[PDB]
Amino acid sequence: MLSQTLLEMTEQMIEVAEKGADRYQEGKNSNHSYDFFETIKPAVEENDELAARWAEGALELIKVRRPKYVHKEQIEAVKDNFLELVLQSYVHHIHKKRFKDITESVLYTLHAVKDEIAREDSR
């Protein structure tokens with residue numbers, strides 16, 4: 001197992017963010033039928049655990065090294081905002097600009113973390 005765990009976690013979160021953004025982006029053109037219970041019940045748990053675990057690791061990394069490009073508040077914010085991002089993506093409680101703004105802030109932060117993770121380089 002040669003795995004960059006904390007990096008892969010971040011890469012995964014980047015995909016989920018773009019997936020949620022893409023979901024809302026297209027969601028209007030194609031007939032999109034879904035139910036808020038079956039596939040979304042576990043999906044919440046995954047992201048809930050994911051964000052909690054990621055934050056713990058990221059917070060550790062920036063304590064060992066030092067947040068140069070990433071902002072600590074942003075790490076703490078992305079964790080929480082990401083959960084609401086996934087929520088608003090499917091429930092459509094979001095309007096327009098804030099959805100892409102949060103996604104942009106998440107992508108921004110994740111890109112910064114991704115750099116500093118590889119900037120230390122894992123063994």
# chains A, B, ... in the order shown; residues from 1 in each chain; ligands from 1
>>> residues_around(residues="stretch 57-74 of chain A", least_positions_apart="3", cutoff="8 Å", atoms="only C-alpha atoms", output="ChimeraX atom specification")
/A:6,53-54,77-78,109,112-113,116-117,120
>>> write_last_selection(atoms="N, CA, C and O atoms", output="PDB file, in the first residue's frame")
ATOM      1  N   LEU A   6      -4.004  11.397   3.345  1.00  0.00           N
ATOM      2  CA  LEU A   6      -4.566  12.730   3.558  1.00  0.00           C
ATOM      3  C   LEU A   6      -4.744  13.472   2.231  1.00  0.00           C
ATOM      4  O   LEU A   6      -5.651  14.291   2.077  1.00  0.00           O
ATOM      5  N   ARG A  53     -12.945  13.514   9.814  1.00  0.00           N
ATOM      6  CA  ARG A  53     -11.671  12.853   9.755  1.00  0.00           C
ATOM      7  C   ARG A  53     -10.635  13.735   9.060  1.00  0.00           C
ATOM      8  O   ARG A  53      -9.490  13.839   9.506  1.00  0.00           O
ATOM      9  N   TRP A  54     -11.052  14.371   7.970  1.00  0.00           N
ATOM     10  CA  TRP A  54     -10.170  15.243   7.199  1.00  0.00           C
ATOM     11  C   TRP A  54      -9.700  16.419   8.045  1.00  0.00           C
ATOM     12  O   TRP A  54      -8.507  16.727   8.077  1.00  0.00           O
ATOM     13  N   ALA A  77     -13.773  26.029   8.247  1.00  0.00           N
ATOM     14  CA  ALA A  77     -14.969  26.462   7.542  1.00  0.00           C
ATOM     15  C   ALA A  77     -15.378  25.458   6.471  1.00  0.00           C
ATOM     16  O   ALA A  77     -16.545  25.094   6.379  1.00  0.00           O
ATOM     17  N   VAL A  78     -14.415  25.010   5.670  1.00  0.00           N
ATOM     18  CA  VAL A  78     -14.688  24.069   4.584  1.00  0.00           C
ATOM     19  C   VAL A  78     -15.326  22.788   5.106  1.00  0.00           C
ATOM     20  O   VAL A  78     -16.248  22.267   4.496  1.00  0.00           O
ATOM     21  N   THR A 109      -9.545  26.178  -1.019  1.00  0.00           N
ATOM     22  CA  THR A 109      -8.897  25.681   0.183  1.00  0.00           C
ATOM     23  C   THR A 109      -8.274  24.303  -0.047  1.00  0.00           C
ATOM     24  O   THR A 109      -7.129  24.060   0.339  1.00  0.00           O
ATOM     25  N   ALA A 112      -5.094  24.459  -1.875  1.00  0.00           N
ATOM     26  CA  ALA A 112      -4.026  24.973  -1.025  1.00  0.00           C
ATOM     27  C   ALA A 112      -3.499  23.876  -0.107  1.00  0.00           C
ATOM     28  O   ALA A 112      -2.291  23.742   0.084  1.00  0.00           O
ATOM     29  N   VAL A 113      -4.409  23.067   0.429  1.00  0.00           N
ATOM     30  CA  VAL A 113      -4.032  21.984   1.325  1.00  0.00           C
ATOM     31  C   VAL A 113      -3.275  20.918   0.547  1.00  0.00           C
ATOM     32  O   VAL A 113      -2.249  20.412   0.995  1.00  0.00           O
ATOM     33  N   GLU A 116       0.354  21.873   0.180  1.00  0.00           N
ATOM     34  CA  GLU A 116       1.138  21.793   1.405  1.00  0.00           C
ATOM     35  C   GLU A 116       1.272  20.355   1.912  1.00  0.00           C
ATOM     36  O   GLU A 116       2.254  20.021   2.576  1.00  0.00           O
ATOM     37  N   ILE A 117       0.306  19.498   1.587  1.00  0.00           N
ATOM     38  CA  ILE A 117       0.433  18.072   1.893  1.00  0.00           C
ATOM     39  C   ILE A 117       1.612  17.479   1.134  1.00  0.00           C
ATOM     40  O   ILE A 117       2.481  16.826   1.716  1.00  0.00           O
ATOM     41  N   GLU A 120       5.102  18.840   2.163  1.00  0.00           N
ATOM     42  CA  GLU A 120       5.785  18.112   3.220  1.00  0.00           C
ATOM     43  C   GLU A 120       6.211  16.742   2.697  1.00  0.00           C
ATOM     44  O   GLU A 120       7.338  16.302   2.931  1.00  0.00           O
TER      45      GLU A 120
END
>>> residues_around(residues="residue A:55", least_positions_apart="6", cutoff="9 Å", atoms="only C-alpha atoms", output="JSON, numbers by chain")
{"A": [75, 76, 78, 79]}
>>> residues_around(residues="residue A:20", least_positions_apart="5", cutoff="8 Å", atoms="only C-alpha atoms", output="PyMOL selection string")
chain A and resi 85-86+89-90
>>> write_last_selection(atoms="N, CA, C and O atoms", output="compact mmCIF listing (two decimals), in the first residue's frame")
# COMPACT_ATOMS: atom_id res chain seq x y z
N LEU A 85 -22.98 22.18 1.82
CA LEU A 85 -22.87 22.15 0.37
C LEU A 85 -23.58 20.92 -0.18
O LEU A 85 -24.45 21.03 -1.05
N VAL A 86 -23.23 19.75 0.34
CA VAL A 86 -23.85 18.50 -0.07
C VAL A 86 -25.35 18.54 0.18
O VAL A 86 -26.15 18.13 -0.66
N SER A 89 -27.13 20.98 -2.17
CA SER A 89 -27.02 20.47 -3.53
C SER A 89 -28.23 19.61 -3.89
O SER A 89 -28.81 19.74 -4.97
N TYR A 90 -28.63 18.74 -2.97
CA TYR A 90 -29.70 17.80 -3.23
C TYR A 90 -31.07 18.36 -2.85
O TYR A 90 -32.05 18.14 -3.55
>>> residues_around(residues="residue A:9", least_positions_apart="4", cutoff="8 Å", atoms="only C-alpha atoms", output="ChimeraX atom specification")
/A:5,13,50,54
>>> write_last_selection(atoms="N, CA, C and O atoms", output="PDB file, in the first residue's frame")
ATOM      1  N   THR A   5      -2.673   9.113   1.967  1.00  0.00           N
ATOM      2  CA  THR A   5      -4.006   9.085   2.562  1.00  0.00           C
ATOM      3  C   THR A   5      -4.653  10.469   2.646  1.00  0.00           C
ATOM      4  O   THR A   5      -5.718  10.692   2.070  1.00  0.00           O
ATOM      5  N   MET A  13     -12.553  14.805  -1.777  1.00  0.00           N
ATOM      6  CA  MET A  13     -13.429  15.914  -1.413  1.00  0.00           C
ATOM      7  C   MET A  13     -13.569  16.901  -2.569  1.00  0.00           C
ATOM      8  O   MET A  13     -14.633  17.492  -2.764  1.00  0.00           O
ATOM      9  N   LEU A  50     -16.233  11.820   6.809  1.00  0.00           N
ATOM     10  CA  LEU A  50     -15.149  12.266   5.940  1.00  0.00           C
ATOM     11  C   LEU A  50     -14.610  13.616   6.393  1.00  0.00           C
ATOM     12  O   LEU A  50     -13.415  13.771   6.634  1.00  0.00           O
ATOM     13  N   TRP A  54     -11.052  14.371   7.970  1.00  0.00           N
ATOM     14  CA  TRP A  54     -10.170  15.243   7.199  1.00  0.00           C
ATOM     15  C   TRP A  54      -9.700  16.419   8.045  1.00  0.00           C
ATOM     16  O   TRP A  54      -8.507  16.727   8.077  1.00  0.00           O
TER      17      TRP A  54
END
>>> closest_residue(among="A:88, A:47, A:10, A:30", to="residue A:106", atoms="only C-alpha atoms")
A:10
>>> closest_residue(among="A:56, A:45, A:80, A:104", to="residue A:18", atoms="only C-alpha atoms")
A:104
>>> atom_distance(atom1="atom CA of residue A:4", atom2="atom CA of residue A:21")
25.5 Å
